[PDB]
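1. Quick one, fold the following:
(chains A, B, C, D, E and F)
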There are 6 protein chains.
Amino acid sequence: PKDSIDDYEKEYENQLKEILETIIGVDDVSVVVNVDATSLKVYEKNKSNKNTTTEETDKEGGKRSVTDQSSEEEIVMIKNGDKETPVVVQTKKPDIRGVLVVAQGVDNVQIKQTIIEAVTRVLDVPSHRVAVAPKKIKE
Amino acid sequence: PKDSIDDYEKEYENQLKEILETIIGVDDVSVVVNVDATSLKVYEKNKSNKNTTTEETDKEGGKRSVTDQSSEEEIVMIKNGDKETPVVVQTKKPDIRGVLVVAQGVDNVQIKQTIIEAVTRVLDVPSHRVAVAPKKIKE
Amino acid sequence: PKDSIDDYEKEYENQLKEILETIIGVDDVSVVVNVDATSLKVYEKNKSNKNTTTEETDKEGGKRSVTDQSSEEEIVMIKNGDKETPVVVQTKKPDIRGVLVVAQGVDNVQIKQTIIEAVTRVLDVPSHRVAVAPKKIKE
Amino acid sequence: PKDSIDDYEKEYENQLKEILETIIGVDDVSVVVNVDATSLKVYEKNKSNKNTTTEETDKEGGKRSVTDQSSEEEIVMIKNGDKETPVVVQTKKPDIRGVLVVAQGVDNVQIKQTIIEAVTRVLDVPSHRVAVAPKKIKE
Amino acid sequence: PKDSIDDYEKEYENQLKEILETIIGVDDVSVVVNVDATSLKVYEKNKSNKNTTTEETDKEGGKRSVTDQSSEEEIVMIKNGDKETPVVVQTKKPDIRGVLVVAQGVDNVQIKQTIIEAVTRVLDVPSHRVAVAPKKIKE
Amino acid sequence: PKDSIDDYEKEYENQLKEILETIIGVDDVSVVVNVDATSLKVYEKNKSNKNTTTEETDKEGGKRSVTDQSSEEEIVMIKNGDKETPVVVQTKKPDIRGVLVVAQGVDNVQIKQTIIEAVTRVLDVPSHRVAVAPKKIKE
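-> Residues are numbered from 1 along each chain as shown, chains lettered A, B, ... in the order given. Take a look:
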């Protein structure tokens, strides 16, 4: 349930902290993060796929587009005695939403842009979902 | 579950560290990395494939494209007594997302570009998913 | 699982090391490598293949291409009593991703190009997946 | 598994060594090699093959190509009691990827070309998969 | 498995040696050879073959080629009680890849060409798969 | 297996030796030979054969060739109780590949051509698969 979430966030929350003190800096920070899910399963599937498309033009005009796409999927199930169980392929980690506090920041554009490009590119988080705030406590 | 992840990251985190101190340098570093998954299974499959395509032109015009693609896949299953189990072909390692800290860096373009081309080409990580930061602690 | 991986990498990591000290040189090195998989199975299959293609032109024009390709594959299964098991043909080694450190290097183009052509041609690794770095520790 | 590989490589690695000291020379060498597989099985198969092709031209023009190729294959299976087992025809050795070090070498074109044509023609290894390096240790 | 290979090579390696010292000479030699397989089985088969082809020309033109080729093959199986076993017709020896060292050689064209035509015609080995090297040890 | 081969070769190797000393001569020799197989079985078969061909020409032109060839073969099997076994018609000896050494030879064209025509016509060996070398040991 949730519990395997709470671990993840802090595991993030601490890294950026200990790391981001290590830029110019940027002498201290405090952060928060929001995970959108728990860990994602994946299960194997049999599959069928059909793509039938055509296009036509001619002397007068034949302009036509017919694009057919049909896909069936079916899960796979192990069997032991009476038991029947799905297959486990792999497991993924969830996406992210997060922001920050820092003893110095967006007031200095070059410590502003440094961070955004550092945070987004770590977590695969677009800009509009990440944000930052000037100061922290002491100045 | 996650656990087989945490090992991977550190196994990465330490290598680049111990190695990247060994360039010009670039006298020290600290890093973080994000794995997108756990280890990936692969399972064997029976298969069927049909590609029927044609093209036409003529005196006036015959311009037509008909591209048919049909693919079925089915997994294979071992049998022992009542038991039924899938086949294991091979196993893959996950993709990556990562950044860095270093006692010297992007302020010097030639220690900037050196690294990117070194990191990406190791891990199969495009540039936009990797990023770096100037200084570390002491200067 | 992973374990049969870790052996492979080091088995590589040590060879290039002990060997590459033996060029001009190039008096010392340190390396890292990334394997993309574990050992690959292959399993035997019954097969069916149909290639029906035609082409036409004529006085006015007959220009037509009809290319039909249909392929079915089915795995083979041994039988003992109730048991049913696949056939093992052969086994392959995985592909590679790797880089390097050396006491001398890309600053001297002729020790630069020497290596690339030496590394790629050993491992079947295209250039863009392999990279190198100047110095090592002591100069 | 791998083990039957490791033997092969060394069995190669030692031969070229002991032999290549015996040219002009070329007074010493050190080498490495990469096998792409383990030993390859072959299994017998029943077969069916159909090749139906035609071609036409005429006074105006009949230009047409219809090339039909249909092939079915099926494996053969021995039977003993309940047991069912495949047939073993023969066994093949794997392909190769390799390079070299030598106390003298590509700097002298005539000890350069001598080797390539000697190595490739032994192992059935095209040039682009084989490469060499000047010196070894002592000069 | 491999073992029946290793015998073959040496059985070759020694003959050419002891023999090739016996030309002009050419006072000494050392060699290596690569076998591509183990011994090849052959198994009997029932068979069916159909070749239907036609051709046409006429006053204007009848130019047409219709070439039909259909072949089925099926293996034969002995029967004893429950047992079922294939037939053994004959057995073949494998092809070859090899080269050489000699106390004198390709520098003298007439001891060059003598050998090639001697080696290839023994083993059924085309030239491009066989190669030679000047000197041996002592000169 | 192989063993019935090794006997054959020597049985050849000795004859030509003891015999070829007995020409002009040509005072001594040493030889080698390669057999391509072991002894060949033959098994009886029921059979069916159909050859339907026609041809046409006429006033304008009827030029047509229709050549139909259909052949089925089936093996014969003895029966005793449950047992079933094939028929043995006869047995053949394998083809050959061989060369030679002699105390005198191709330098004298008339002891050159004498031999070729003598060797080939014994063994049914075309020229390109047989070859010879001048001298032997002592001159």
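2. tell me which element residue A:52 falls in.
-> Secondary structure assignment for residue A:52, by DSSP states H and E: strand A:45-56.
3. sec struct for residue A:115, please.
-> Here residue A:115 is helix, with the state taken from DSSP: H, G, I helix; E, B strand; the rest coil.
4. How about residues contacting the longest helix along chain A?
-> In chain A, taking DSSP state H as the definition, the longest helix is helix A:3-20. Applying C-beta atoms under 8 Å, 6 or more residues apart in numbering or on different chains, the contact partners of helix A:3-20 are A:26, A:29-35, A:37-39, A:93-94, A:96, A:98, A:100, A:102, A:115, A:118-119, A:123, B:2, B:30, B:32, B:101. Bear in mind the C-beta positions are built from the backbone N, C-alpha and C, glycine included.
5. in chain A, what residue is nearest chain D?
-> residue A:59 (21.5 Å; C-beta to the nearest C-beta).
6. Settle this for me: that residue is touching residue B:62, isn't it.
-> No - at 9.6 Å, residue A:59 does not count as touching residue B:62 under the criterion of C-beta atoms under 8 Å.
7. Looking at those two, which one has more neighbours?
-> Taking other C-beta atoms under 10 Å in any protein chain shown, residue A:59 and residue B:62 do not tie; residue B:62 has more neighbours (18 against 11).
8. Would you agree the more buried one is in contact with residue A:58?
-> Yes - if you go by C-beta under 8 Å, residue B:62 and residue A:58 touch, sitting 7.2 Å apart.
9. Would you mark the buried spots in stretch A:113-122?
-> A:114, A:115, A:116, A:117, A:118, A:119, A:120, A:121, A:122 (16 or more other C-beta atoms under 10 Å in any protein chain shown).
10. nearest spatial neighbour of the most centrally placed residue in chain A, skipping sequence neighbours?
-> With distances taken as C-alpha atoms, centre = their mean, residue A:95 lies nearest the centre of chain A, 3.3 Å away. Ranked by C-beta to C-beta, 6 or more residues apart in numbering or on different chains and with sequence neighbours excluded, the top spatial neighbour of residue A:95 is residue A:36, at 5.0 Å.
11. Ok, residue A:134 next?
-> Per C-beta to C-beta, 6+ apart, closest to residue A:134 is residue A:105, 4.4 Å.
12. What of residue A:50?
-> Distances taken as C-beta to C-beta, 6+ apart place residue A:70 nearest to residue A:50, at 4.3 Å, with adjacent residues excluded.
13. ok, the one you found touching residue A:47?
-> No - look at residue A:70 against residue A:47 with C-beta under 8 Å: they stay out of range, at 11.7 Å.
14. who has more neighbours, those two?
-> Just comparing residue A:70 and residue A:47: by other C-beta under 10 Å the higher neighbour count belongs to residue A:47, 15 against 10.
15. wait, the more buried one sits on residue A:72?
-> Yes - here residue A:47 reaches residue A:72: they are 7.2 Å apart, a contact under C-beta under 8 Å.
16. circling back to that earlier point, and the strand holding residue A:52, which strands flank it?
-> Next to strand A:45-56 in the sheet, as set by DSSP bridges, lie strand A:64-75 (antiparallel), strand B:64-75 (antiparallel).
17. so how far is the helix or strand that comes right after the first one off the chain centroid?
-> When you say that, I think you mean strand A:64-75. Going down the chain from strand A:64-75, the next helix or strand is strand A:77-80, by DSSP H and E. Mean-position distance between strand A:77-80 and its chain equals 32 Å (C-alpha atoms, centre = their mean, to the nearest Å).
18. Does strand A:77-80 reach chain B?
-> Yes - residues of strand A:77-80 are located near chain B by C-beta under 8 Å from any C-beta of the partner chain, namely A:78, A:79, A:80.
19. is any part of that strand close to chain C?
-> No - against chain C, strand A:77-80 shows no contacts by C-beta under 8 Å from any C-beta, the least distance being 13.4 Å.
20. Show me what that strand is packed against.
-> If contacts are counted by 3 or more C-beta pairs under 8 Å, 6 or more residues apart in numbering or on different chains; DSSP states H and E, strand A:77-80 sits against strand A:83-86, strand B:83-86.
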